Trainee: 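Sending over a structure as structure tokens; questions will come in a sec.
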Amino acid sequence: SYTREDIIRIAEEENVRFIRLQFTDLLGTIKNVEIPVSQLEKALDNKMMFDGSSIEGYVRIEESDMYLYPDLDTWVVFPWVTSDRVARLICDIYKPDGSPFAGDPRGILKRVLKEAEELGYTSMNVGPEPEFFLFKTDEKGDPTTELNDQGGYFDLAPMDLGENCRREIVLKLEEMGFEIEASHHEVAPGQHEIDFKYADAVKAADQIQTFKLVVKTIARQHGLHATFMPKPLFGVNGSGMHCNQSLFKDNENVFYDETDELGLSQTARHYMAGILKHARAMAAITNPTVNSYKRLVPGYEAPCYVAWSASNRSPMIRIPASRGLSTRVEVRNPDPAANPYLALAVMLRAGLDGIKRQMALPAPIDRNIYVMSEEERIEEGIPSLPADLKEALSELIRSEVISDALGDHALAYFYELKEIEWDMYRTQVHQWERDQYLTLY
Amino acid sequence: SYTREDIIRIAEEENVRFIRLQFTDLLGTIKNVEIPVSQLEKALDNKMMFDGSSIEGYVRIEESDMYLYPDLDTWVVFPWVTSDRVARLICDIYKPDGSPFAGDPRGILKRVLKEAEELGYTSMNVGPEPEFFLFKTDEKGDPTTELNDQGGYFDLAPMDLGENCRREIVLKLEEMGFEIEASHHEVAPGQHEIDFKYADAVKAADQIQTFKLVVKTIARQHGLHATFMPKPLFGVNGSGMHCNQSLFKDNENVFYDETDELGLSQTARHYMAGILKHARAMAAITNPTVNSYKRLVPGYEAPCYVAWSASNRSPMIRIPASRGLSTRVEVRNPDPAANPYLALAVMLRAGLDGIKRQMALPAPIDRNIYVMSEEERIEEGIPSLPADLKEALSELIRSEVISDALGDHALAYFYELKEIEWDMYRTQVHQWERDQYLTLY
Amino acid sequence: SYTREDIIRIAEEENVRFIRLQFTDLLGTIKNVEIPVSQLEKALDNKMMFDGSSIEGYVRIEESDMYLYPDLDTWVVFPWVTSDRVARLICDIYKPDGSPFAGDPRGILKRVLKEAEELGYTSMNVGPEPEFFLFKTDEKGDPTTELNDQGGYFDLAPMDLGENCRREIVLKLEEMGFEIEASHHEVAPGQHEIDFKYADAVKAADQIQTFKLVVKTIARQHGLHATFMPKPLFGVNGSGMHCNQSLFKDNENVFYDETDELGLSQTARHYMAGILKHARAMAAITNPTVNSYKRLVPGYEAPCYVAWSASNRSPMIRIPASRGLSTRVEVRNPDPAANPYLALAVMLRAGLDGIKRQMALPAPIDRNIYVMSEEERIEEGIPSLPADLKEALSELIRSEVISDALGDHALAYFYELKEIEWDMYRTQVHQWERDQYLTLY
Amino acid sequence: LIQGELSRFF
Amino acid sequence: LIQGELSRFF
Amino acid sequence: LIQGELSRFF
Amino acid sequence: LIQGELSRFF
Amino acid sequence: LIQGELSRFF
Ligand SMILES: NC(=O)CC[C@H](N)C(=O)O
Ligand SMILES: NC(=O)CC[C@H](N)C(=O)O
Ligand SMILES: NC(=O)CC[C@H](N)C(=O)O
Ligand SMILES: [Mg+2]
Ligand SMILES: [Mg+2]
Ligand SMILES: [Mg+2]
Ligand SMILES: [Mg+2]
Ligand SMILES: [Mg+2]
Ligand SMILES: [Mg+2]
């Protein structure tokens, strides 16, 4: 941990000249206010004002005034600063009256965690699995369409291809304070994955943001381009951000039950049922972009139907074989483009809603591949995820459970942002249309 | 502070070889007289004569003789001089008889501050928010039309886009003696903002001039071009110089009133009413160029109507949420192309005139966006800012309050300069006309 | 003249394959409906329907249905058609109920001529003086900035500079049925003027439209570009369309009065007074574009003040020395970009309004050049023409006399078109601004 | 309004 | 209503 | 079921 | 005022 | 009259 005096001590010792007061907007982009070290005490006194309307993105209408409340435990010094050391602090957004801002994603996650604690659950242990692609750049420094390598699942090419920009990223993250579990080459060419050790929800989301920033910076250093686009290329695997979750009550995993056949407590089953019922409503948050639904197509391990299994091609919810204190519920819908705070908040709220109502878990899907017809699917009661952003937005609007998780202020602005994005997307004439038509017609 | 002996001591110690006796003309351009260190005592004795007619710009008709009276508190040594150290002093212009020159903008601001002190207000605390654009240069060293980056509001770019040059500017300013509050990326690409801590009006204007000079020099060092042009590009946000003002009487903020519903004293309300009443007359000074009125167009957060609010799209006057000793009135008309001394002088004079006549504050504008018709606007008594430089000049001439603030000598020369500029602009045939016409007709 | 049987006879004899049913929109652009010769009888029966909303330009809101009523006297066969002969007919726009469309400029001129005939004036004899520029084209066929020659006033360069595309245009117009008076070189390099003999107002406007089309076509044939843009270049003379008018009552010139000192009847003086009174209101019609007011600047013989004289630099109204049946009133405001029908209609309506109310003619301006101050100008009661399109539009709206000449339907659409054009123009950032600023600021 | 705000799509 | 009509300025 | 894995032949 | 007339020298 | 100073526009 850290204290004010500790922060000042390292800042003087490390010769830190500039401090980034980092926060996140509704779209998951990392925003910051640069600060000279002479303002560190003022920042630590929670007295820095900024617009605050920058959270709304490009749909902001009026300028507000909000305070930055830095979190002392998030202090870190970037290793690449070299000459002039630059540090960062992750801050919460507070209204001038003293109450937290309702539109801050971090505050939303904190509020959902608080109402979880109100039910006796001390913490939510989250381990994400973000995947990314590496692209070669051109002379101008822009990404091309060529992958950095052509490796496969768990491939090993020590020279410049298999690891490439994965060893140095892990080394820098380790120096930065990360707990890295393992790294490997992903299924698609040029795709890599780095796993962290499990942490609490807020820490996990902060680590996801920092990891994305660090990966992008290090890839840029090596003349490469790192992207967390859900589906950068057609015909190859997309990138997912599978989230492993387990509820804890005083160092006790409430998902574990040795007496159960699958080692799953009734609490875990209610959690899974709640996540399953609200999946279509959550899709607009866990899959927020237009490109997110190009990944949710059959044949690339991405989930396309709302179901759970212990072993299947692509279930919405998967249960890893680990038991005991490591029994987990893995949700595979999210892509790395999702906002970590909002995604974790909506998943936790759906699970808590399932727990509260003693919801009944549907039967798991067996090795029955979904080659079955739609009549078989809705006969067996297997729902499907939304086919595009428009359906997800409509389900989001109609939902009363996870809209409460978002809150009244953030829901309207998120809906406006996504509606504008979809409207701009739907009126474009793509090259595919000019290839199919313009000669035939 | 500094004294004559102190200045001589640092000049000998720092090996200063050249001294710039800096002053400002009516157009805000920084002018100087270069001096060898052997003439420092003569300069400090207020004995240096120069033309003085250079204040009038290109409309000067006859050469005069005027003395430079350096301000010892403005002494600073430039950091980039390296080999031969160069220092600067900001000087006031005095007639040979001993009286200050009536056409000196710094003297104008000093006179307005003196007549403010005559009402019991010891100081006027000013915090400006100047914004600037960064453009890439060509081989010859001329600015191209391409921005240095493509970031957004409060965007994070640790590589060399948003920061890098910005960090270097902040570092240089800290050495100079600038108390930097915070720096951040602005809405438009290549647009950046650096904020200083609040200071007295004369010091604030001196800091604005020095800041512009330093930013331009540092940007040139990195092969970039920095501009404070109000609207360098069509379709993107312009650059403003929002000025935060508060009147002080013996380190007591007279704008504060805890008993008031908004925490605003009657003095502050009278000040704001006075500023609103004379806004159209001040527009020619706070928005002095032709390009200034291309910024004052709807849809880019620049004010277009004379009104005040605590939360709106783009009010003329905005009142930040801070209270206590930091209660402020923010005027958002000025652009960085304005003369800081003249702009602060006219704003303070308008506020004092409102205080003296005890003008009634008009009702604030609510979230009612100005999509309302012109009939609705003039039914509610909402005036609009001048549409171009000609209207502003006519209002300036017709005004008897802020023309007195300018004084008889400076008003005539400013009017001549702006009339010549507008006449040159209005007879040009632009490429837009040749694009619309020359084929259709 | 011509009849239906005559038209069919020439169409069969001349092997005409295609017929253009020509009309004009509110902006003066020539629009047409192409017709195969097999539909000539249907066209001559006044049975062809078209949109009719195309008159409104780009501000049309809904599609209508309107009939084309060809004018048989306007029949002509283009000479350059060669292989497949193409003919044209100028048509009036009629509503399906049978009444003429109120928004048709030709119908507007016809209605004003009818209300003139109601006062006993059988015809209005009009002779225009349209001037145009010739520009050299590039390989792609686009106009460059280089003039075709460098001649002067009434210069003579037989080889390729003096006449060039002026002899051929006159020859083609003569073969087409025009009555050409003379042609000569104008003020600026590449500027030429061709004058026709006087005709009735409707015929004069039809001839102006046909002349513009023919000049453009012939210039394109010789690899040149012909433009009627009022001020294509800065610093050189613009192009005007001085209109000579005289009212006739049974082949008697009512403007003539041998007993008068100037040979001017009281009717002519009332006409000129009426034109002078409403000049600022008519400016938006006779000078319709933004570029029109770059021509109305001093020093290039374009009128800038509302006054009349028999000999002056640039009077608004000039009276030629010819007397008898050729006594005329020359109005020099219009540029060739103006709509001929609308311009003639508003000028005639203003003159008739002056006649009806018996307005008193102001004193003519002597050789007193307008170097006099603005105080001298408004002391003598000399009004000035609007400085830009916005002022002209405001005067147009405020006017009740010539707005009646336009009518209710056409006025609203013309105002919308010009408001959109001005709004598009005023928000542009021109290269002149980037040259003055972006370095100094 | 938000004209310059929507420049990311343009 | 008029978007494709205003393309002459764009 | 398998498409992105068979990309080695494509 | 002769401005466009004196263009031969300019 | 004061033309040597107006060269900035020229
Ligand atoms: N876990 C894997 O084998 C890869 C998962 C796949 N990239 C997805 O988007 O879900
Ligand atoms: N987001 C903002 O408030 C920026 C203001 C804008 N740049 C202006 O010129 O006023
Ligand atoms: N001197 C002349 O007759 C030319 C007239 C001038 N070209 C104009 O536009 O008015
Ligand atoms: Mg994986
Ligand atoms: Mg997984
Ligand atoms: Mg700003
Ligand atoms: Mg501001
Ligand atoms: Mg002529
Ligand atoms: Mg003439």
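Proteins get letters first, then strands, A, B, ... in listed order; numbering begins at 1 in each. In each ligand, atom 1 is the first atom listed, and ligand 1 is the first ligand listed. Scope of the values below: all heavy atoms of this structure, side chains included, with no hydrogens, waters or symmetry mates.
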Trainee: Side chain, backbone, both or neither: which part of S239(C) comes within less than 4.0 Å of ligand 3 when only heavy atoms are counted?
Mentor: backbone
Trainee: With carbon and hydrogen excluded and only N/O/S kept, which atom of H242(B) is nearest the Mg ion (ligand 7)?
Mentor: ND1
Trainee: Does one side chain, of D335(B) or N287(B), offer a donor that lies under 3.5 Å from an acceptor on the other?
Mentor: yes
Trainee: On the ring face of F50(A), is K31(A) found with NZ or CZ under 6.0 Å from the centre and within 45° of the axis?
Mentor: no
Trainee: For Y300(A) and ligand 1, does the shortest N/O to N/O distance drop below 3.5 Å?
Mentor: no
Trainee: Is it true that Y441(B) and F228(C) have ring centroids separated by less than 6.0 Å?
Mentor: no
Trainee: For the 3.5 Å polar cut-off, considering only N or O atoms, please tell me whether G240(C) and ligand 3 meet it.
Mentor: yes
Trainee: Number the atoms of ligand 3 from 1 as they appear, then name those within less than 4.0 Å of a heavy atom of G238(C), with their elements.
Mentor: 6 (C), 7 (N), 8 (C), 9 (O)
Trainee: Any carboxylate oxygen within less than 4.0 angstrom of a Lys/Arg side-chain nitrogen, looking at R318(B) and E62(A)?
Mentor: no
Trainee: State whether the number of non-hydrogen atoms from other residues, nucleotides or ligands found under 6.0 Å of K294(A) atom NZ is greater than 12.
Mentor: no
Trainee: Check whether any heavy atom of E129(C) sits under 4.0 Å from an atom of ligand 3.
Mentor: no
Trainee: Check ligand 3 against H242(C) and write out every atom of the ligand that is under 4.0 Å from a heavy-atom position of the residue.
Mentor: 5 (C), 10 (O)
Trainee: Look at atom 5 (C) of ligand 3 and say which protein heavy atom is nearest, naming residue and atom and giving the distance to 0.1 Å.
Mentor: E131(C) OE2, 3.6 Å
Trainee: Just jot down the ligand 1 atoms closer than 4.0 angstrom to any heavy atom of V187(A), in number order.
Mentor: 3 (O)
Trainee: Which value, rounded to 10°, describes the OE1(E129(B))-the Mg ion (ligand 7)-OE2(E330(B)) angle?
Mentor: 100°
Trainee: Applying the side chain to side chain donor-acceptor pair (under 3.5 Å) test to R166(A), which of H185(A), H184(A), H192(A) qualifies?
Mentor: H192(A)
Trainee: Give the single entry among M241(A), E301(A), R295(A), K231(A) that approaches atom 8 (C) of ligand 1 most closely by any heavy atom.
Mentor: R295(A)
Trainee: Are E5(D) and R313(B) ion-paired here, with the side-chain N under 4.0 Å from a carboxylate O?
Mentor: yes
Trainee: As a test of understanding, state which of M241(B), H242(B), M272(B), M316(B) forms a side chain to side chain contact (heavy atoms under 4.5 Å, CB included) with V331(B).
Mentor: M316(B)
Trainee: With heavy atoms only and a cut-off of under 4.0 Å, state how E186(A) meets ligand 1: side chain, backbone, both or neither.
Mentor: side chain
